[PDB]
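# let me see the structure of the following:
(one chain, ligands or ions: 3)
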Amino acid sequence: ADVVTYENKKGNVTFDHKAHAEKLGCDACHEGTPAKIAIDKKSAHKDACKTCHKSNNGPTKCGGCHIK
Ligand code: HEC
Ligand code: HEC
Ligand code: HEC
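Residues are numbered from 1 along each chain as shown. Ligands and ions are numbered 1, 2, ... in the order given. What follows is the structure:
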């Protein structure tokens, strides 16, 4: 899709898949080939979502992703 969300317990995490794609390229997330990714709590918080954004914008605590 162009937008997805992980409907997680906290507050659903929107991700403008398309946006990230056209803004960045593809490489950004899908090096070899896309076959899903399945970015969970661990991945997301560790080194996927909540690593990239550091140098781009400052979501300090939360809210950045979880719409809650
Ligand atoms: C990181 C911010 C991403 C960018 C940039 C792109 N994609 Fe992506 N993609 C990403 C995630 C986290 C997911 C998985 C969602 C899940 O359910 O696990 C995906 C998924 C895809 C898929 C699979 C869709 C499906 O029906 O399962 C495809 C085919 C895909 N992505 C392709 C794709 C392309 C072509 C992009 C660059 C041009 C692109 N993605 C960017 C994360 C990210
Ligand atoms: C984007 C950079 C994020 C920010 C900002 C925060 N979180 Fe997050 N979180 C994110 C994703 C993509 C996911 C995936 C959902 C999953 O469970 O795999 C998560 C997940 C969590 C979870 C687990 C929720 C569940 O349903 O089990 C927790 C407990 C969580 N996140 C907490 C949390 C808090 C407290 C934040 C501020 C400190 C926060 N998240 C920010 C993406 C992002
Ligand atoms: C680094 C290449 C990125 C990865 C990997 C992820 N995101 Fe991202 N995100 C990135 C940028 C450059 C931006 C800002 C775009 C702009 O126009 O300036 C964003 C923005 C978001 C947003 C909005 C946050 C805001 O500042 O308003 C969301 C909701 C978001 N990103 C979610 C998200 C998730 C959950 C990711 C892991 C699956 C993720 N992003 C990865 C760059 C990058």
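# contact residues of this protein facing ligand 3?
Contact residues (Cβ under 6 Å from any ligand atom) of the chain with ligand 3: 13-15, 20, 23-24, 28-29, 39, 44, 48-49, 52-53, 56-57, 64-65. All C-beta spots, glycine's among them, are computed from the backbone N, C-alpha and C.
# list of residues touching stretch 12-31?
The contact list for stretch 12-31 (Cβ atoms under 8 Å, 6 or more residues apart in numbering) reads 1-6, 34, 37, 44, 48-49, 52, 65-68.
# point to the residue nearest the middle of this protein.
By Cα atoms, centre = their mean, the chain has its centre lying nearest to residue 49, at 4.3 Å.
# grab the nearest non-local neighbour of that one.
Nearest residue to residue 49, sequence neighbours excluded (Cβ to Cβ, 6 or more residues apart in numbering): residue 65, at 5.9 Å.
# what sits against that neighbour?
By Cβ under 8 Å, 6+ apart, the contact list for residue 65 reads 13-15, 44, 49-50, 59.
# now the residues you listed: which count as buried?
13, 15, 44, 49 (16 or more other Cβ atoms under 10 Å).
# show only the entries of the residues you listed found in strands.
13, 15 (DSSP state E).
# rewinding a little: any idea which of the contacts of stretch 12-31 has the most stuff around it?
Neighbour counts for these, by other Cβ atoms under 10 Å, peak at residue 65, which reaches 21 neighbours.
# got the residues of the chain near ligand 1?
Within the chain, the residues that sit near ligand 1 (Cβ under 6 Å from any ligand atom) are 4, 17, 20-21, 24, 26, 28-30, 34, 36-39.
# can you say which two of these are spatially most distant?
Distance extremes for those: the farthest pair is 24 and 38 at 19.1 Å, using Cβ to Cβ.
# neighbour count: those two, which is higher?
More neighbours surround residue 24 than the other of residue 24 and residue 38, with 11 against 7 (other Cβ under 10 Å).
# can you map out the strands along the chain?
Applying DSSP E to the chain gives strands spanning 4-6, 13-15.
# mind checking how far the residue of the chain positioned farthest from its centre is from ligand 3?
Most distant residue from the mean C-alpha position of the chain: residue 32, 18.1 Å away (Cα atoms, centre = their mean). Distance from residue 32 to ligand 3, counting by Cβ to the nearest ligand atom, to the nearest Å: 16 Å.
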